[PDB]
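Visitor: Test case, fold it:
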Amino acid sequence: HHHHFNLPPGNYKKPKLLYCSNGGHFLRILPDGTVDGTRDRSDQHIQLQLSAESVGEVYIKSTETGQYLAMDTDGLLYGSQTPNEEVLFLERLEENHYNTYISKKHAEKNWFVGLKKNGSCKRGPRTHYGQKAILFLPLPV
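Guide: Numbers count the residues shown, from 1 in each chain. Shown next is the protein structure:
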């Protein structure tokens, strides 16, 4: 248990758009398993449904394709067809306002879900507390 337990409010009743305040991109999981960000609100692959496993743990799934957001052994985000240990994330409040997501499998290395200003995903090892890339706001679809 190497992380704080400040949790964000809100629930998982409805789907959300995960808006990254770093560049204004929405997290996107493409049909081919590619993960990135896009500023296009009309995109059909940015609608995500979150749900809890244990308290503070979440699954982040594409409502369009049914894939799971997942982070691999090298810290790369990818869309997984099935749930495995790489699809669980620790959802936490950050800066008393945002939501951050730490890879459960690699929680000890502080690997976060993050988007760069150019819309490309940050690789696990390149993320850390304090960056704007890891700060998300769940917005209504």
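Visitor: contacting residues for the most centrally placed residue in the chain?
Guide: Centroid-nearest residue in the chain: residue 113, 4.8 Å away (criterion: C-alpha atoms, centre = their mean). By C-beta atoms under 8 Å, 6 or more residues apart in numbering, the contact set of residue 113 is 27, 60, 69, 71, 77, 89, 100-103, 121, 134, 136. Bear in mind the C-beta positions are built from the backbone N, C-alpha and C, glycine included.
Visitor: same question, residue 124
Guide: Per C-beta under 8 Å, 6+ apart, neighbours of residue 124: 71, 74-76, 103, 106, 109, 111-112.
Visitor: State the pair within these that is farthest apart.
Guide: Spatial extent of the contacts of residue 124 (C-beta to C-beta) is set by the pair 74 and 112 at 14.4 Å.
Visitor: which one of those two has more residues nearby?
Guide: Higher neighbour count among residue 74 and residue 112: residue 112, with 28 against 10, using other C-beta atoms under 10 Å.
Visitor: just to revisit the earlier point, I'd like to know which of the contacts of residue 124 is nearest to residue 9.
Guide: Once C-beta to C-beta is applied, the member of the contacts of residue 124 that ends up nearest residue 9 is residue 112, at 20.1 Å.
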